[PDB]
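Let me begin by presenting the structure, written as structure tokens, before commenting on it.
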Amino acid sequence: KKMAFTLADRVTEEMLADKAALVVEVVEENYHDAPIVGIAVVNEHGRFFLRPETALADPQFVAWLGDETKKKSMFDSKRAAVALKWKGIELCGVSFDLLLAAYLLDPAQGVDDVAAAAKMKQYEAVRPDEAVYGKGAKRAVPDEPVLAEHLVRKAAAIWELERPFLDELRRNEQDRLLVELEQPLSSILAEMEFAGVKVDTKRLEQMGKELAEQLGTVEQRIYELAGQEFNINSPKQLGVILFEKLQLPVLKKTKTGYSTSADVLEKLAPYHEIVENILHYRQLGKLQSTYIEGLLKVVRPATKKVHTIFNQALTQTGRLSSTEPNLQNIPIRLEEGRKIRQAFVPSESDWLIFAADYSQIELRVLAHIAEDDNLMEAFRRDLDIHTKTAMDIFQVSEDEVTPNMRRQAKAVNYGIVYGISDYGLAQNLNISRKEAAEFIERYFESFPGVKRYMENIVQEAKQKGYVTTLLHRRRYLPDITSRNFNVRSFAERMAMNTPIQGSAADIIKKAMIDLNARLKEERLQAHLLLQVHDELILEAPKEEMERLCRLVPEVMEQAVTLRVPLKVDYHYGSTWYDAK
DNA sequence: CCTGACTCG
DNA sequence: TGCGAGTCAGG
Ligand SMILES: Nc1ccn([C@H]2CC[C@@H](COP(=O)(O)OP(=O)(O)OP(=O)(O)O)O2)c(=O)n1
Ligand SMILES: OC[C@H]1O[C@@](CO)(O[C@H]2O[C@H](CO)[C@@H](O)[C@H](O)[C@H]2O)[C@@H](O)[C@@H]1O
Ligand SMILES: OC[C@H]1O[C@@](CO)(O[C@H]2O[C@H](CO)[C@@H](O)[C@H](O)[C@H]2O)[C@@H](O)[C@@H]1O
Ligand SMILES: [Mn+2]
């Protein structure tokens with residue numbers, strides 16, 4: 001605990017070195033158009049601190065940040081780049097991101113600051129962000145001397161830990177995953193974040209108005225059937241109405257009381273018609289509060305755009321998450337909700353929304369990884385397994401399978417491949433638990449390869465302590481040999497799923513890098529807007545639609561090569577809704 | 001702040 | 001007693 005640094009007045013030559021650690025401190029958790037409160041640099045020549053109004057105005061510093069031959073090591077470089085694009089400054093030459101490096105080494109650590117990453121290497125010369133800035137309503141940037149030291153210490157740490165982290169990544173054969181997949185992707189996400197998505201507020205406000213009219217309607221109806229007023233959005237009061245006043249049977253409890261989950265409500269339908277009305281009310285209430293009122297609170301009024309943050313170092317399987325707003329969970333399943341998408345539009349004049357989508361991506365990953373004959377064959381002829389399961393459950397034929405019921409048989413295929421027990425399956429389809437068992441038992445005799453993959457990956461996880469995905473992403477399962485049935489089972493199901501979801505996650509990540517490449521090389525104006533786990537979303541001038549119909553799917557299928565082919569569905573239209 | 005509800009993959 | 005997420009209302 002003793003460090004020398006220079007609290008600089010101006011940018012000097014010795015700070016513009018070819019290799020350095022860089023800290024562009026942004027305290028606000030949502031970094032979009034957020035204050036940059038301090039800058040630090042560590043290189044061969046020394047340790048420096050700079051005030052932002054100094055460094056960001058000095059054209060030489062800006063030129064050094066923008067030069068990709070001047071290599072930077074950073075912690076969460078997406079935060080920096082974005083907070084810099086809002087200051088009209090471009091960041092280039094990031095060769096090491098400690099955050100991503102740490103997330104690949106172990107997603108469970110849930111690293112959020114340099115101190116926690118340093119924790120993994122015994123490096124103790126840096127304080128965590130909360131012990132410096134404060135918590136919640138106390139969150140305060142301290143006095144400069146304190147601020148400076150801390151930032152310099154963060155650089156110093158990034159500076160000392162680069163090699164160790166890279167050294168460990170090389171042993172696990174995860175170095176190329178960092179440098180060639182994750183890190184390049186970080187910059188792409190920073191663009192999509194900054195470009196934003198344009199929203200039709202006029203339309204959005206009109207719908208919430210209509211939604212309110214329907215909410216009051218359904219609501220009155222609910223009080224009439226119940227013969228009283230209560231708070232529908234209060235599960236405790238609703239529970240009293242349904243199970244105490246109305247006497248409806250209790251199908252399930254939780255640790256705090258009676259259950260009123262959608263699943264329980266659908267099963268209570270024969271007994272009383274208020275349950276269906278509650279379901280419908282809850283549906284509309286969510287649309288209003290989250291997808292109208294939530295969404296309008298985060299639009300930037302001047303440009304009518306929303307800017308989400310794609311949290312890259314958070315999920316345990318390798319997926320991304322989307323926050324403030326979440327644009328990866330916009331309604332589509334029920335026609336009423338699906339309408340919200342009409343308000344998502346192109347940002348320019350004659351531009352359109354292109355939406356490409358992988359077909360059964362996790363079922364193909366399972367096929368490739370488990371090497372199952374009957375499964376690999378079905379895909380080679382181009383059978384639709386969801387449609388092959390739609391019939392099998394809905395007694396129907398291929399000729400009449402509505403999109404609605406290809407989604408309900410979709411969750412059965414996936415459910416089965418991810419350790420759903422017969423209790424789960426029967427409780428999802430309202431069928432006999434004996435019949436549920438039969439389905440599964442048949443499935444594993446029909447696909448013996450998939451069954452043995454399940455047995456094997458659990459065995460391997462017990463022996464190794466972890467599982468891995470195609471591009472060597474890793475998840476550790478320390479609870480895998482727990483004596484407790486519940487604890488053991490949960491980790492076992494993670495040993496089944498992770499390699500699959502994680503692999504689909506790797507693939508679509510790679511597909512984005514190649515797409516971005518194939519875009520800038522062909523000099524097109526088209527650019528990525530969103531990723532929703534297994535689908536990409538772009539906007540482009542009307543003219544470019546021809547190339548994209550050929551380009552986008554070609555890139556997504558050619559990303560990786562598997563023991564089965566990869567298929568992509570695509571559509572375009574003037575609204576994200578019409579892109580169906 | 002947590003629990004349970006809804007939303008997506 | 002299928003997996004991975006986020007946000008919101010009530011208590
Ligand atoms: N009920 C569901 C739906 C989705 N998923 C996970 C596993 C698959 C991954 C992608 O699913 P979708 O994009 O919904 O469908 P797909 O099978 O990948 O492709 P398609 O749209 O052609 O059915 O998300 C899941 O576990 N359970
Ligand atoms: O930018 C995402 C990146 O930031 C970190 C901390 O450096 O997470 C913080 O910001 C997130 C996005 O706003 C919040 O969800 C989270 O609460 C906060 O810790 C990284 O963990 C994350 O990858
Ligand atoms: O360095 C990580 C990198 O290794 C890759 C690419 O070479 O996988 C290769 O090495 C693996 C074992 O050494 C094999 O599974 C594979 O056959 C081989 O291509 C990437 O998957 C990984 O990111
Ligand atoms: Mn898909």
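Hydrogens, waters and symmetry mates play no part in the numbers below; they use all other heavy atoms, side chains included. Labels below follow one simple rule: chain letters A, B, ... track the order of the sequence lines, proteins then strands, and each chain is numbered from 1.
To the nearest angstrom, P of C/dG4 lies 5 Å from CZ of A/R475. The distance between atom CZ of A/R333 and atom P of B/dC6, rounded to the nearest whole Å, is 13 Å. Spacing between atom CG of A/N428 and atom P of C/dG2 amounts to 8 Å, rounded to whole angstrom units.
Under 4.0 angstrom from either OP1 or OP2 of C/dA5 there lies no side-chain N or O belonging to A/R319. Within the structure, every side-chain polar atom (N or O) of A/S289 is placed at least 4.0 Å from both OP1 and OP2 of C/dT7. OP1 or OP2 of C/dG10 has not a single side-chain nitrogen or oxygen of A/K236 nearer than 4.0 Å. Residue A/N329 has no polar side-chain atom (N or O) positioned under 4.0 Å from OP1 or OP2 of C/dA5. For A/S321 and C/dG6, the shortest distance from a side-chain N or O to OP1 or OP2 is below 4.0 Å. The side chain of A/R282 contributes an N or O atom lying less than 4.0 Å from OP1 or OP2 of B/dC6. OP1 or OP2 of B/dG4 sits under 4.0 Å from a side-chain N or O of A/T254. Proximity of A/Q501 to the phosphate of C/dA5: no side-chain N or O atom is located under 4.0 Å from OP1 or OP2. Contact annotation: A/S421 side-chain N/O to C/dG2 OP1/OP2 distance is under 4.0 Å.
Nucleic acid contact class of A/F485 (heavy atoms, under 4.0 Å, all strands): none. A/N311 comes within contact range of no nucleotide atom at all, as no heavy-atom separation falls under 4.0 Å. Backbone-only contact: A/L314 has heavy atoms under 4.0 Å from sugar-phosphate atoms and none from a base. If you check every strand for non-hydrogen atoms under 4.0 Å, A/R488 touches nothing. Residue A/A262 is in sugar-phosphate contact alone, with no base atom involved, counting any heavy-atom pair closer than 4.0 Å across all strands shown. Among the atoms of the strands shown, only primed sugar atoms or phosphate atoms (P, OP1, OP2) are found under 4.0 Å from some heavy atom of A/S234. Among the heavy atoms of the strands lying under 4.0 Å from A/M494 are primed sugar atoms or P, OP1, OP2 only; no base atom is included. Within 4.0 Å of A/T498, counting heavy atoms only, lies no atom of the nucleic acid at all.
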Problem set entry | side chain to side chain donor-acceptor pair (under 3.5 Å) evaluation trace for A/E244 with A/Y258 | CA-CA 10 Å; A/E244 288 169 21; A/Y258 307 120; 2.7 Å; yes

For this session: Go through the steps to decide whether A/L320 and A/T315 satisfy the test side-chain contact (heavy atoms from CB on, under 4.5 Å), and finish with yes or no.
Result: CA-CA 6 Å; A/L320 302 173; A/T315 75; over 6 Å; no

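Two rings, from A/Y414 and A/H386, have their centers less than 6.0 Å apart.
Residue-to-nucleotide contacts include a donor-acceptor pair under 3.5 Å from the side chain of A/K286 to the base of C/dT7.
Atom NZ in A/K304 sits 8.5 Å away from atom CG in A/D200 (nearest 0.5 Å).
Taking the charged nitrogens against the carboxylate oxygens, A/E445 and A/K451 have no contact shorter than 4.0 Å, which rules out a salt bridge.
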